[PDB]
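There is one chain below, alone, in structure tokens, taken in the form deposited in one PDB entry.
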């Protein structure tokens, strides 16, 4: 009854193109007369750990970039680098360009990903930016260049473009200015993310969704202090709850009738005693990739 939903992807699908340099092909994002794609499309197998991108790019011309928008080929009439993205200027302006902006999301926030394979969309799913700046997503081969985004109301906010999979199987990428999220670099060398944590604000939002969905089994009559709950949080690898966090859940506390600190006492008990085989909103695990705004939307 309550499930992860992704935004409708039509407005993004109309921007997906195929960019080929030499023997490497990945996805690009075509907005106005610019194609954005990861720069390592110029890198053959020098991706590790040698790539000098300035050095590899000076040796390229517009001719060395083949860009396909479906069947049509677009003529590249310029190119430049911005952080870890290539910007390819093309002669045609995308007639399907939606209203859009480039935003850098903060950890804990969610977005939809349109997974693409050589310019063609393939699936769409919801995910979140982990506190350690990775995303636990689904990016197969040929997925580089796929974008993450949020929509509201007719405006697409792009927040992520995919670059690489890490040893642990999680994913690393940039905003649409080409700056990585996290400590990572676009080079085929071993790279660790920091130790991840659970997004406490999202677990609480999701506990409200259960109550709002008629699932109260975990509630109790107790209450706890902010610091008293944060003590349990550190012992359980949850990130500390700030007071402004409590204020974000203000609307949900009023609709639910449970004060935020009461929900925290409930969460405290769930963390200490487990769930003993029952379910919350059909899940056996404390879900932390729904934001408060996500929960209000459904």
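Definition used throughout: the rigid core is the maximal C-alpha set that superposes within 1.5 Å between two forms. Numbering follows the first chain given and starts at 1.
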| property | result |
| --- | --- |
| More variable segment, 29-37 or 45-53 [Cα RMS over structures in 9 other deposited structures of this protein, core-superposed] | 45-53 |
| RMS CA shift, core-fitted in 9 other deposited structures of this protein, bigger for 135-143 or for 158-166 | 135-143 |
| Higher-B stretch (mean Cα B-factor, as the entry records it), 261-269 or 33-41 | 261-269 |
| Comparing 176-184 with 91-99, the one whose average Cα B-factor in the PDB entry is higher | 91-99 |
| Highest-ranked of 163, 75, 104, 130 once sorted by CA temperature factor in the record | 75 |
| Residue, from 227, 109, 112, 134, that the PDB entry assigns the highest Cα B-factor | 227 |
| Third of the chain, ranked by Cα B-factor, where residue 18 sits | middle |
| CA B-factor ranking of residue 149, expressed as a third of its chain | lowest |
| Ranked against its chain, the third holding the CA B-factor of residue 158 | lowest |
| Chain-wide C-alpha B factor ranking for residue 170, given as lowest, middle or highest third | middle |
| Residue 240 by Cα B-factor - lowest, middle or highest third of the modelled chain | middle |
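A second form of this protein, the form solved in complex with a partner chain, is not displayed here; the remarks below concern that form.
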query	finding
In the deposited complex, segment of 97-105, 162-170, 216-224, 74-82 with a heavy atom within 4.5 Å of its partner chain	162-170
Residue contact check: residue 175 to its partner chain in the deposited complex, 4.5 Å heavy atom	no
Proximity of residue 186 to its partner chain in the deposited complex, heavy atoms at 4.5 Å	yes
Partner proximity in the deposited complex: residue 204 to its partner chain, non-hydrogen atom cutoff 4.5 Å	no
4.5 Å heavy atom contact, residue 144 and its partner chain in the deposited complex	yes
Contacting member of 66, 48, 57, 259, with respect to its partner chain in the deposited complex [4.5 Å, heavy atom]	48
